[PDB]
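# Overview (structure and organization)
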Amino acid sequence: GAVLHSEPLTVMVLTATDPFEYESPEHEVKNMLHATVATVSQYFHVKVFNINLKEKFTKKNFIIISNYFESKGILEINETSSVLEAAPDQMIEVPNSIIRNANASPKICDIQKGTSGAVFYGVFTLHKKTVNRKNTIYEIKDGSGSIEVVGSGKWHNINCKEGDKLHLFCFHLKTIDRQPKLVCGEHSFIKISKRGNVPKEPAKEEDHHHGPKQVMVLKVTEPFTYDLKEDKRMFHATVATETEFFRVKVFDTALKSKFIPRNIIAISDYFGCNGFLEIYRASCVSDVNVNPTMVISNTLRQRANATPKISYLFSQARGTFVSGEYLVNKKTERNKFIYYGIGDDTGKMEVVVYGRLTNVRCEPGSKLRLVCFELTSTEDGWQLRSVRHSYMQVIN
Amino acid sequence: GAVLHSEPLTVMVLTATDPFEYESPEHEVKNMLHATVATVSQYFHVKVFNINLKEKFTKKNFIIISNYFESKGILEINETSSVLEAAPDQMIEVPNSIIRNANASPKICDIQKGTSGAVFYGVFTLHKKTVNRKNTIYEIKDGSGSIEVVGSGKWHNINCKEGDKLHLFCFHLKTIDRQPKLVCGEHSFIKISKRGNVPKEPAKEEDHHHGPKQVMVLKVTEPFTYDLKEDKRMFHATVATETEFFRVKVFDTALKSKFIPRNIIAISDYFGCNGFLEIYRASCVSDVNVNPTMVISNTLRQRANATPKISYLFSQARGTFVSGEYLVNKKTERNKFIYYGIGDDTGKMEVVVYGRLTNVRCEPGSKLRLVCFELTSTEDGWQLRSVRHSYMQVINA
Amino acid sequence: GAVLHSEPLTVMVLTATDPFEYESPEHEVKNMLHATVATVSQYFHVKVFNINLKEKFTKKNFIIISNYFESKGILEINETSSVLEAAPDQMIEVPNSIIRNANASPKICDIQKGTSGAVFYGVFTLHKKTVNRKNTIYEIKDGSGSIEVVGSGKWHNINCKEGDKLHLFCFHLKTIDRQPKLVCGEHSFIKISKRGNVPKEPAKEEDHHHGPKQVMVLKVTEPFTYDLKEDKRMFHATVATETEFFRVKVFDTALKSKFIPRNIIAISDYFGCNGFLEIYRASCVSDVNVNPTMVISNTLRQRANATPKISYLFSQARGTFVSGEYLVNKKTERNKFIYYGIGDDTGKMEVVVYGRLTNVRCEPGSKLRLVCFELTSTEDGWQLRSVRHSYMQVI
DNA sequence: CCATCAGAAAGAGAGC
DNA sequence: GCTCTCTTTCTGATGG
DNA sequence: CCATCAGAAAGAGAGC
DNA sequence: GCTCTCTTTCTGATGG
């Protein structure tokens, strides 16, 4: 079983986790937490079954232990162990070598080499998840190889997606299906850590792709005419779910009262054309302006209403559409065309405009907003020409 | 059984390694260290199973041994042996010939003529390395031949590379597959004498290569365009083997996903152009588990990602292409041309940029990151010129 | 059997033996030589069976070989192979490490581990020789061990002695009496490289040596008076054992009859002092040469009479006693000191003579033979000064 | 840093 | 007796 | 609705 | 070349 170290050994707390409901070997629903220590030469893992010791398990703190257990190399300190706060003259010196080694996550190829029954600790990016009835196969993967993780009990069907840093605590290796599988035990724990960030502009495809996508109205443009023959009215809008954002082309302006910012909507028939979500009828927008939902975690906000960088545009496919705000400094007018020379702190370029938008009155010395301009380039310099669904307006 | 020498014999300690752990005859995990001693007439290789004698096995120290074993012409000392420091009046003087002839490694061809089970000792050159799943085979070669060595267990893929100088301690000859091999033993030990770096630029080319190669990306950049007429995509990257490093060009932007730093990759049917290696189809990379246990050298990383000095650039043959980072201090724009005089802690030069990359706004005080630039010069200094595959970006504080 | 290497390979010749007789596989005696050649990455041993290639197989020559054979990893050249003369722009740069490994001998401890029939080359010191009726056992030794070498036929009872160097080419391995031995084969060769008789001045010591040392008298001086007051007489002699030479000061001149060149004598109860050997009484020496065969090698004879070069003397410790023959250039005399300028190709110094030896007539152009002079120096140069035991003469 | 390797320089044996 | 040369040796050199 | 701060990880230095 | 540690950077996180 688990041997017993009875010598008063001095240690220092490196890391720890929060109390969480576990199932003790007595079929109760108690609470426990994890932690790691480090002596003058080595480091240990620690299980804590007594939840009243959470104070002395703060990091950068020294404590002396006696009458503690040791199972499979892991120290076990329960409700019958001695954990006392050390004195200023009872501190051990841990070099900055055991510290950077304790928190090192192993390689998966080396998990495929061990014997059955051992314990592991580490964080891994998730490759693919496959939910089953009572467990789930979490395929974690790093540069060293792939392996399977089986999760049942309290960790069956947990809130995570394909790409989360799954920090794992106390898992047993098992030879299942002739391949290395990793199953949990009884003292296990999983803290989830998603690195959620995505700039650029999400472009959902699939034509006739109907359904729901109850997003949130963010920034919108006033309506305008884009076909002077038939006086067709439209306006662009940028909206976002909690995961992504979408640039919307609205062709029925009666939803101007429903495309007000800071509003939440669930919108139906959408056709993924040129990366835009093109609505063709107001009947796809329920007001629903009394039922909350999202919050959009700040960083998504600025991401959606980001103003791109000319350096970033030099690296996009010649045919993609833009939306940003930039400073003008030049202006030449040639036969019905108006070239607006612009640039920022990264690069400069030309912006050509032809058609109705010549009626825009602007001169160097004030900023300018752009929406839905194609990306082109010549031998001389790059360009962002005015297309059919274009729009622009000068600011303060 | 072995033989037992129960009489005092004086020796002079020559070489002595550091303590290392082994699996003793009782399959316990004990400590031992190797040592080479020499009498006035004959030298002797010696084993030390009692690590407490660590101080009395120092070079230039004379000792006397009593009640010590010996096997295959090699002395042994465990816990049941008496080793005593010899006083300065008990000095024996071992000539310089035993010193030059103890560290002399036996020629390989003569190792190809020893009996099955014989034990050897010598430093040799790593000509090619190969790691199995169980053991690890090392093909060594010198002026007399080649021979493979089986390193299983404690010697299953160590920390070394081709071109080093590995010191083999106590490896046994065994006819495997018709040819001799050096299999591991109970008292095996290997200490290294590293060498080889290959800094400077990458390597040469093999036009329309038919072979394969496994490296690891070290510095990838963003994609871009090098042709304005027909929209042609490409991006630069840095890759490396265990020993060599290479700066690569990729023209099918699709292979931007497979080209990530720290990614072990694989490349086949590749072209070579002016120090850079050209790929043309996505059917050349398969980042699907080629070798997980590959260890890249930190100095190699710092050499491939290295940025040369202006003085060093002066000593290069013009025609080689430049990559790295420098700082700007002058800015002079003329007709559709912009000049950026860069400088470092050795001097200053010029950078001539033309065309599309003139649409970038760099200013003195911010660092400029150049990749793939020609190296030209005139009577009035040196330049880095922007060519068909030039790339750069601005980074500041 | 052997395998055949068809492709041209360019090599630099490292070594070659003189030609020697051997028996061919068809039972005919012919000449062959052994060579060692190298490429830029590897060395090879080569057996050369076509003696017309003698001039091509010369050291530091570059040659191009094709249609050659391999047996046990060693190359073989017969009448069917081609060996041409490389052009100057076809030379190769052979690393010195390769020459080092090719000229290196295997250790005996590793030879003893060899499989039966393995072929070896190397140079080893002979420790013991036993000559039987039909073969000879040469027990050789190096720092790693000893092994017996069995020679027969041509290599039976060759003219060598313990201490000589034997260069062995292409000997095979055979187990005899459970002990590994080396044995001669079809292509074996031996070359002898002197022995181990190299002097380096006598030894010191000082205790009353009660032992004897049957030495041969090499050189002697006429008796002379080294103390004028009491008329004390002595002479100097150089003598040699077989491996060593010693300088003897004889203070009992009755031994003059016993010290004659070529006579062999036994010296007992002698005293080392200041690097010389001393004989205080006539009973220490007997005229009987009870070892008529004593042999003093020419290397030891010539080396024992050698006069040290002056520049070499500049490096010697002050206070040592020196004997040598030097050419006299300048002669000046001041208040009973005589200053004789002497010199050789290495340099120039002064011989300072005081007292009785000032009666020796010497003028510029004469050559001075000095025995037992003290080496000293001043700020202006180096001198050889006459002392109590000094002797000198003009030749 | 840890000891190796290499060009230069000194020492031994054969020959004119 | 002198000279050419193979052998042996010390210290500067390499390297990342 | 926005800026500052902080822990981790890649890159570099002193010394072995 | 190898190792401990000082330095620099990208990105996720805080709050009145």
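Conventions adopted
Residues numbered from 1 in each chain as written, not as in the entry; some residues may be left out. Chains lettered and ligands numbered in written order. Heavy atoms only, no water. Residues with missing side-chain atoms left out of burial classes, pairs and counts. Helix = DSSP H or I, 4+ residues; strand = E, 2+ residues; numbered from the N terminus. Rg over C-alpha atoms; globule rule 2.2 N^0.38 Å. Contact = heavy atoms within 4.5 Å. Near = heavy atom within 4 Å. Polar contact = N/O pair within 3.5 Å; in protein donor to acceptor, adjacent residues only side chain to side chain. Nonpolar A, V, L, I, M, F, W, Y, C, P; charged D, E, K, R; others polar. Buried < 20%, exposed > 50% of the residue type's maximum accessible area, 1.4 Å probe, protein only. Buried area = accessible area lost by both parts, 1.4 Å probe. Salt bridge = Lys/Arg side-chain N within 4 Å of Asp/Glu carboxyl O. Core = buried A, V, L, I, M, F, W, Y, C linked by side-chain atoms within 4.5 Å. Domains from an automatic or database assignment. Pairing = 2+ DSSP bridges. Axes fitted to C-alpha atoms, helices over the stretch in contact; angles between N-to-C directions.

### Quick look at the overall build of chain C
Of the regular secondary structure elements, chain C holds four helices and 29 strands. Over its C-alpha atoms chain C spans a radius of gyration of 30 Å, topping by over 25% the 21 Å that the globule rule assigns to 395 residues. When its C-alpha atoms are laid out on the principal axes, chain C stretches across 90 × 55 × 35 Å. A separation threshold of at least 6 residues defines the contact pool for chain C, and within that pool the share at least 24 residues apart is 58%.

### Here we look at the overall build of chain B
When you go through chain B residue by residue, the secondary structure sums to four helices and 30 strands. Viewed in the frame of its principal axes, chain B has a C-alpha envelope of about 95 × 50 × 40 Å. For chain B, the share of sequence-separated contacts (at least 6 apart) that also reach a separation of at least 24 residues comes to 59%.

### Focus: the protein's contact with DNA strand D
Neighbouring residues of DNA strand D: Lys-59 of chain B together with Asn-96, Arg-100, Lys-194, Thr-299 and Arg-303 of chain C. A breakdown of the atoms of DNA strand D within 4 Å of the protein gives sugar and phosphate a share of 100%. Take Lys-59 of chain B: an N or O atom from its side chain is 3.3 Å from a phosphate oxygen of DNA strand D. Mapped by element, the contributors of at least two residues to the surface near DNA strand D are α1 (96-103) and α3 (298-304) of chain C. In terms of residue class, the surface near DNA strand D is built from no nonpolar, two polar and four charged.

### Some points on the side chain of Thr-225 of chain B
Tracing the sequence through the fold places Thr-225 of chain B in strand β18 (residues 224-227). For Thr-225 of chain B, a relative accessible area of 2% puts it in the buried group. A polar side-chain atom of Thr-225 of chain B sits 3.0 Å from a polar atom in the side chain of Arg-233 of chain B. If we ignore the near neighbours within four places in the chain, the residues touching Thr-225 of chain B are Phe-314, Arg-318 and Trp-382 of chain A together with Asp-231, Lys-232, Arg-233 and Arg-356 of chain B.

### A short note on the interface of chain B and chain C
On the chain C side, the residues contacting the 21 residues of chain B number 22 residues. The junction of chain B with chain C conceals about 1700 Å² of combined surface from both sides, 47% of it contributed by carbon and sulfur atoms. Considering only the surface of chain B that becomes buried against chain C, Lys-107, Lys-113 and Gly-143 of chain B emerge as the three largest contributors, covering 36% of it. Counting across the chain B and chain C interface gives zero salt bridges. Here chain B is connected to chain C by 11 residue pairs in polar contact. Among the secondary structure elements, those contributing two or more residues to the side of chain B that touches chain C are α1 (96-102) and β10 (119-131) of chain B. When its residues are assigned to classes, the side of chain B that touches chain C shows seven nonpolar, eight polar and six charged.

### Regarding the protein's contact with DNA strand E
Looking at DNA strand E, the residues that line it are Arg-100, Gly-196, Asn-197 and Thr-299 of chain B together with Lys-59 of chain C. Sugar and phosphate atoms represent 100% of those atoms of DNA strand E found within 4 Å of the protein. One nitrogen or oxygen atom from the side chain of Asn-197 of chain B is found 3.4 Å from a sugar or linking oxygen belonging to DNA strand E. Between DNA strand E and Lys-59 of chain C there is a distance of 2.5 Å, counted from a phosphate oxygen to a side-chain nitrogen or oxygen. Partitioning the surface near DNA strand E into residue classes produces no nonpolar, three polar and two charged.

### Describing the nonpolar core
Core analysis: the largest hydrophobic core is formed by 43 residues, its most contacted members being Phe-373, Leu-384 and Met-392 of chain A together with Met-349 and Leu-384 of chain B. With four residues, strand β28 (residues 367-378) of chain B is the single largest residue contributor to this core. Residues in contact with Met-392 of chain A, not counting those within four places in the same chain, are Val-353, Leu-357, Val-360, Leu-368, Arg-369, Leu-370 and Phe-373 of chain A.

### Digging into the domain arrangement of chain B
Assigned domains within chain B: domain 1 (3-101), domain 2 (105-192), domain 3 (212-303) and domain 4 (307-395). A separation of 49 Å is found between the C-alpha centroids of domain 2 of chain B and domain 4 of chain B.

### Description of the sheet that holds strand β13 (residues 145-150) of chain A
Residues and elements named next belong to chain A. Overall, mixed pairing links the five strands, which are arranged β11-β12-β13-β15-β14 in a closed barrel. Direction aside, neighbouring strands of the sheet carry axes that sit 55 degrees apart on average. The pairing of strand β14 (residues 165-176) with strand β15 (residues 179-193) spans 11 bridges and is antiparallel. By the bridge assignment, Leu-166 is partnered in β15 with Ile-192.

### Topic: the side chain of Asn-50 of chain C
Residue and element names in this part refer to chain C. Within the secondary structure, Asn-50 sits in the loop between β5 (43-48) and β6 (62-66). Among the residues examined, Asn-50 registers a relative accessible area of 18% and is labelled buried. Here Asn-52 takes part through its backbone nitrogen, which lies 3.1 Å from a polar atom of the side chain of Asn-50.

### Some details on the interface of chain B and chain A
With 20 residues of chain B at the contact, the number on the chain A side is 24 residues. Interface of chain B and chain A: buried area, both sides summed, is about 1600 Å²; carbon and sulfur atoms make up 42% of it. By the criterion of area lost to chain A, the three top residues of chain B are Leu-228, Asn-359 and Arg-361 of chain B, representing 39% of everything that side buries. A salt bridge links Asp-231 of chain B to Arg-318 of chain A; the nearest nitrogen and oxygen atoms lie 3.6 Å apart. If you look at where chain B meets chain A, you find five residue pairs in polar contact. Per element, the largest residue contribution to the side of chain B that touches chain A is three residues, and it comes from β18 of chain B. Tallied by class, the residues present in the side of chain B that touches chain A amount to six nonpolar, seven polar and seven charged.

### So, the environment of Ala-104 of chain B
Along the chain, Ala-104 of chain B turns up in the loop between α1 and α2 (108-111). For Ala-104 of chain B, a relative accessible area of 31% translates into the label partly exposed.

### A word on the pattern of salt bridges
Under the criterion given, the structure shown has 36 salt bridges over all chains. A salt bridge links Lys-129 of chain B to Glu-242 of chain B; its shortest N-O distance comes to 3.4 Å. Of this pair, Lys-129 of chain B sits in strand β10 while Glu-242 of chain B sits in the loop between β19 (232-240) and β20 (245-250); the two residues are 113 residues apart in sequence, bridging distant segments of the chain. It is possible to trace a salt-bridge network through shared partners that takes in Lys-219, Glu-325 and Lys-367 of chain A.

### Focus: the sheet that holds strand β10 (residues 82-85) of chain A
All names here are of chain A. Ordered in space as β2-β7-β10, the three strands form an open sheet in which the pairing is antiparallel. Of all strands in the sheet, those with a lone pairing partner are β2 (9-12) and β10, marking the two edges. Pairs of neighbouring strands in the sheet enclose a mean axial angle of 30 degrees, with direction left out of account. Two strands pair when backbone bridges link them, and strand β7 (residues 62-66) and β10 are joined in this way by four bridges, in the antiparallel orientation. Within the sheet, the bridge partner assigned to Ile-63 lies in β10 and is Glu-85.

### Considering the environment of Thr-58 of chain C
Residues and elements named next belong to chain C. Mapped onto the fold, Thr-58 is located in the loop between β5 and β6. A relative accessible area of 37% places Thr-58 in the partly exposed class. Distance from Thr-58 to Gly-355, taken between C-alpha atoms, is 62 Å for residues 297 residues apart in sequence. Polar side-chain contacts of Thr-58 include one of 3.1 Å to the backbone oxygen of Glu-55.

### A look at the domain arrangement of chain C
All names here are of chain C. Assigned domains within chain C: domain 1 (3-101), domain 2 (105-192), domain 3 (215-302) and domain 4 (307-394). Taken together, the contact pairs 16 residues of domain 3 with 12 residues of domain 4. Interface of domain 3 and domain 4: buried area, both sides summed, is about 1100 Å²; carbon and sulfur atoms make up 57% of it. Ranking the residues of domain 3 by area buried against domain 4 places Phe-224, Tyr-226 and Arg-247 at the top, with a combined share of 33%. For the pair domain 3 and domain 4, the number of links is two salt bridges. With a closest N to O distance of 3.9 Å, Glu-325 and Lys-219 form a salt bridge.

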